[PDB]
Amino acid sequence: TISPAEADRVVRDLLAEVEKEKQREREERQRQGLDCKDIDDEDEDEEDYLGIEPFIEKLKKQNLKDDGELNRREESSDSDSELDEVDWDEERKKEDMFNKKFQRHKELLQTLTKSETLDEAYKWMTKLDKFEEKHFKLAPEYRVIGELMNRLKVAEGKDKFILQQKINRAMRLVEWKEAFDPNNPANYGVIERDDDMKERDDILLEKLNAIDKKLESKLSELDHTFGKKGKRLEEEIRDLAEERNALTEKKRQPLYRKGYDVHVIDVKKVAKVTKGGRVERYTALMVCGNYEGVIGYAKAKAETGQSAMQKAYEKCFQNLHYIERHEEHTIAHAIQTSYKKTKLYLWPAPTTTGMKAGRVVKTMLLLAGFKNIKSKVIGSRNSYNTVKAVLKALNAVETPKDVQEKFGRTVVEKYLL
Amino acid sequence: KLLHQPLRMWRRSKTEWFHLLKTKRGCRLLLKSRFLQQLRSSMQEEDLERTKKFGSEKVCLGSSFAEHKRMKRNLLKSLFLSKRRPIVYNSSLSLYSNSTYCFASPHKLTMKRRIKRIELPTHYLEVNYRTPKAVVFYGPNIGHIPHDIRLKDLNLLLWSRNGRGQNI
Amino acid sequence: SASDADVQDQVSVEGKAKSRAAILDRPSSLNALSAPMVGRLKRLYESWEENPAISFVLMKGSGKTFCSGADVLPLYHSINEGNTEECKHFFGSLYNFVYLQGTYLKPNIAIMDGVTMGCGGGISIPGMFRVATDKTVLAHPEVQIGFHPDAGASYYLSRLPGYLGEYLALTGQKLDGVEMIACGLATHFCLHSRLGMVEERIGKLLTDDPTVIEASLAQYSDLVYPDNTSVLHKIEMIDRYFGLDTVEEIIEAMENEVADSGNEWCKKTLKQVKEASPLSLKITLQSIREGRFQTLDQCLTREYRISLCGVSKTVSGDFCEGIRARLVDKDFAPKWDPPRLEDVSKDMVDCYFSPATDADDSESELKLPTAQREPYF
Amino acid sequence: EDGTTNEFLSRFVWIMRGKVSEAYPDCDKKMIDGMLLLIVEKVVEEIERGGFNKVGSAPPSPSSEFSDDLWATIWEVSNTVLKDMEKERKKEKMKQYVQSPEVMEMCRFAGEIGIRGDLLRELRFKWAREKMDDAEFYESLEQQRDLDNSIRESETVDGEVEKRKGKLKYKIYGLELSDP
Ligand SMILES: [Mg+2]
């Protein structure tokens, strides 16, 4: 960082350097004849280089009026970065996760230099290989991109065009793969508290296995035991069952997926009648998607609307479909399906058209990653049957890959023909 | 940029900064100064760090995979041959660890907010600021309009397939 | 155009989910290969290798014949008209296709559902997988026509165990599918009636992995063991007699055993040997024994030199005489240019193996894309 | 180990038989057989002295039984045979390195990008070539470990003290059925 006293020092030095350059040029001119009418009254009073003097007079007056704390921070003017809202704990956990992996790496390289036997050296070399292939491994897609970038720096003309397009496609694919990989535990969250997760699941798994062996042994010794010892073993077995039930509860943590948006489609108050009156509960229908072809939905019922929405949010990542899109912006062909009495039409569109849909269809198509589709809901506009008809329609589209596999023939886009 | 001062004392400080801009000599000397050169170098490094969010260092490793491997081959060959019967070992370890740290360290998005920069419309407008005069020579771009609206919000109006560079 | 509608009928294409099959459908010539058929086959296989949506390829035959070899009547009529260019072009096209089959980047499977002769084995046996049936009969009767077992037949016969390659290339002996499994020339075996089952299984595999294809072919294949009367139970006779240095030594030793032991197999093998041209027997033995210690591009190179010498009628006209006697006049009694084995000299058989590229000529050599294909088989 | 040496003997006999028949043309075949036996006896004596390395690295003194041109031709034929074996084993390793799953997935990604034709084939052969280099460096490290282990074991003992030419072997679908 830079101290404010250092800033005052450098601005005073700059004003001084202006004065020194003015006097040095005045000296150089004045020694060689050369009257200084362009130095005096041309860099002092009648320069007016930016028209900044009224701004100086306005700022000078506003600096001698009020009192506060002179070193009090305030709200910034050119603030609102707005993408600076990411949870900082995950990011500051990434730092020391990488640091622990790097320290382990440095320890194995220092152990490789402390061996005495080449059998030991080979063993630590294989340990280093198994470490690097599991924690510092570069994905092969980045090797393809690096080779293509090597061809690109010396390419020109048509080859430069074609390589730029290919690397653009590759960069999109690797960014998507890194952001939405289900195997990376960094792509998961906790939801409100309803390799660390790996080891915290392994310890519970080993505890459950130990409790199951103990319970089997105690049931075995309960089968041949009669009397008060039988009752004491029964109480011991009940305590073991309680421990195992609590440990099984502790493994059920619902996870949300990062990079997904979840939206409410419908919150409804339903009712049931008893002799004491009406019993009123809430149902919530919600959809989720990652804007990259993955879409899901869930319906939940609870006592309040908030609780129903929360249960649906926990359930929404449990039924995810993958939807194929044409060129990441539209569907391959026109599709018409019906679910019960809800008829849905979808039409593909060129690339500057937009989305023409009602709110349920628009929300689902937006979350699946589409950009240019026209649609029409004909008949009943039940929102849940509309959701189901949208998922039925998007799974009945036959892509050119599908046609190519179904008919054993090559399918070509017509503009490449 | 590196002078994140409180409001009132920066407002008192701006008078001294405004006096330096009163003359052409002051603007010339501000341009040719080690202050703005340090600011420029820090902003260059800051712009370099933001590229790692796109996995830039992984592309750098993918370009240079063979020689990065050859460093490890050299280290293993030396630590086999000159050990089967130490500044070389320390030098090779320092180099390999420096390379592994430079190629494997994840992107670090700091707390400090990014400074918002003025855009120049050089894709379709050619300007000579001396007179000033300008000539239109091309068409505008949908991704270069300098609005402060996020992409996910504005996609509800544009419906653009972003990432190809085209006006789509 | 419209004139190529017959060639597209002669080489059909059947497409499956991730695989293509080439079908030979020339029933007049028993699926004999012509120059446009080889050109179409080469175009198809090049396009299918380039296509990343195709996992593996197939080669089948329609009818009771898989492939009866090359169509030599057109070459005979071309040689009769003076110019030798048509035979040349047919030969480098055929050897180029065989080289493509030997170096092919995707898995290739051949279904051998009938008689396979000559270059019919040459387009299929260099492949990765080979399926033999109970109708599969493999023979190499090139010496009895006045020609040599070309199209890579000096590559895979020379690599059989013992000296069985020499026996097959000199006698023209029939091999069955079980025996072809035993010799290692066929990878898998299934009955003819069970081929729709394997063909439906193979068609809708969506795998690139050769291990998955091998496991599927073995799982749907049939388990067979060679019979007691098989050729391979007489392999020690082959190594005893056909391992001699020259052809006349083999004939003399077999004649001596026929005089002493009266072996019926020896009499039948003599009746097999005596029906061949004396020149091509020696060229065949030399090329079989030379091809044991060299790669496929080299084998196809000197096979091209032998073919291009045999069609120019430089030292003999046994090619045209054998073709005429056994295909045109059909009296089946040819008269070779040397009637006897002893008339054939060392200088005559060295004219077939000479570096014709040293005669200030370029198209007398076989071109092969060894730099682009970067051979690995 | 018998297969490699037997292939070397077969290639060497096949070349040197023609070389001897060209060299001494007037002599009969039995003299050629005897000289081939003497030549192969001297070559296997060289191999049993110091392996295949000294047959291709630096020429020793010639034996007085043969001439200097004969030993030079034998040396060049041995070099040619070992180079043919090196090329053949390299191609047989490329057979399984082209189809290796890392190269297969890199080629899958490259073809999914749009890289086809000759550029894809070139990149496939390249990636197989760096995999071959990595595995041969690994094998050289393994061989060096073995040799240093054996020599250190032998040095520490002093401190710790005080092809049938045509036999069938039937195998179908990876199931060896050679038993009687
Ligand atoms: Mg209505």
Side-chain angles (χ1 to χ4, degrees), chain A residues 399-412 416-417, chain C residues 4-26 31 33 36-63 66-67 93-94 96-113 120 122-131 187-188 190 195-210 212-214 216-217 220 373, chain D residues 98-99 104 107-108 111-112 116-117 120-121 124:
Chain A
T399 55
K401 181 183 177 182
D402 285 338
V403 176
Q404 183 168 9
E405 281 168 13
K406 189 191 172 54
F407 291 94
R409 288 144 154 91
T410 296
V411 179
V412 187
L416 308 183
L417 194 73
Chain C
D4 59 86
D6 285 348
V7 175
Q8 293 177 335
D9 203 287
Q10 280 173 296
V11 185
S12 295
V13 179
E14 290 300 325
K16 284 311 207 327
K18 284 253 188 64
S19 72
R20 303 280 188 273
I23 294 92
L24 317 170
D25 289 345
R26 181 177 181 170
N31 305 326
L33 298 195
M37 299 182 60
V38 174
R40 181 159 167 76
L41 274 161
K42 176 170 167 60
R43 288 190 294 271
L44 284 170
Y45 274 66
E46 274 178 34
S47 65
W48 296 343
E49 191 182 80
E50 194 266 338
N51 206 338
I54 284 150
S55 279
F56 56 96
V57 297
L58 291 159
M59 201 181 314
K60 294 212 289 186
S62 66
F66 172 65
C67 187
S93 295
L94 186 55
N96 289 337
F97 184 62
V98 167
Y99 179 64
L100 171 61
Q101 282 295 93
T103 57
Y104 198 71
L105 290 174
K106 294 160 184 196
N108 57 4
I109 314 161
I111 314 294
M112 288 144 178
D113 207 20
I123 68 187
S124 49
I125 303 301
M128 168 180 316
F129 299 116
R130 294 152 307 252
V131 180
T187 45
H188 301 91
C190 60
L195 277 165
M197 292 177 72
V198 176
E199 277 166 28
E200 182 84 334
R201 170 62 145 170
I202 287 306
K204 57 176 80 171
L205 287 174
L206 276 81
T207 180
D208 303 326
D209 213 13
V212 180
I213 306 172
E214 208 280 311
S216 307
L217 284 158
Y220 276 73
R373 295 217 56 96
Chain D
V98 165
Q99 299 296 323
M104 289 297 288
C107 289
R108 186 168 315 122
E112 192 266 348
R116 307 176 329 269
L120 182 53
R121 190 185 294 114
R124 188 158 187 176

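Order of the sequence lines sets the chain letters (A, B, ...), proteins ahead of strands, with each chain counted from 1. We use all heavy atoms of the structure for the numbers below, so side chains are in, but hydrogens, waters and symmetry mates are not.
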_Partner residues of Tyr220(C) under the ring-ring contact (aromatic ring centres under 6.0 Å, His included) criterion, sequence neighbours left out_ = none
*Residue from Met59(C), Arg20(C), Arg40(C) passing side chain to side chain contact (heavy atoms under 4.5 Å, CB included) with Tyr45(C)*: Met59(C)
*For the residue pair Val198(C) and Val131(C), establish whether any side-chain heavy-atom pair is separated by less than 4.5 Å.*
no
*Do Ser93(C) and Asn96(C) have side-chain atoms, one donor and one acceptor, less than 3.5 Å apart?*
no
*Quick one: does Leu206(C)'s side chain get under 4.5 Å of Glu405(A)'s, heavy atoms only?*
yes
*Main-chain N/O of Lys18(C) paired with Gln404(A) side-chain donor or acceptor, under 3.5 Å*: no
_For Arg108(D), side chain to side chain contact (heavy atoms under 4.5 Å, CB included) partners two or more places apart_ = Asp208(C), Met104(D), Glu105(D)
*Ignoring hydrogens and angles, tell me if any N or O in the side chain of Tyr104(C) forms a donor-acceptor pair with the backbone of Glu49(C) under 3.5 Å.*
yes
*asked:* Just so I know, are the side chains of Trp48(C) and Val13(C) near enough to count as touching, which here means a heavy-atom distance under 4.5 Å?
replied: yes
*For the pair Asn31(C) (side chain) and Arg26(C) (backbone), establish whether a donor and an acceptor sit closer than 3.5 Å, ignoring hydrogens and angles.*
yes
*Answer yes or no: is there an ion pair linking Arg116(D) with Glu50(C), defined by an N-O contact shorter than 4.0 Å?*
yes
*Verify the neighbour count for atom CD of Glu14(C): are there more than 12 heavy atoms of other residues, nucleotides or ligands below 6.0 Å?*
no
*Apply salt bridge (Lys or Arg N to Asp or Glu O under 4.0 Å) to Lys60(C) and list each qualifying residue two or more places apart in sequence or on a separate chain.*
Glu199(C)
*Measuring from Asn108(C):CG to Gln101(C):CD, what's the distance to the nearest 0.5 Å?*
5.0 Å
_A side-chain contact here means heavy atoms from C-beta on lying under 4.5 Å apart; do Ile109(C) and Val57(C) qualify?_
no
*With the side chain counted from C-beta on, respond yes when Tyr99(C) and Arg373(C) share a heavy-atom pair under 4.5 Å apart, and no when they do not.*
yes
*Are any non-hydrogen side-chain atoms of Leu33(C) and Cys67(C) less than 4.5 angstrom apart?*
yes
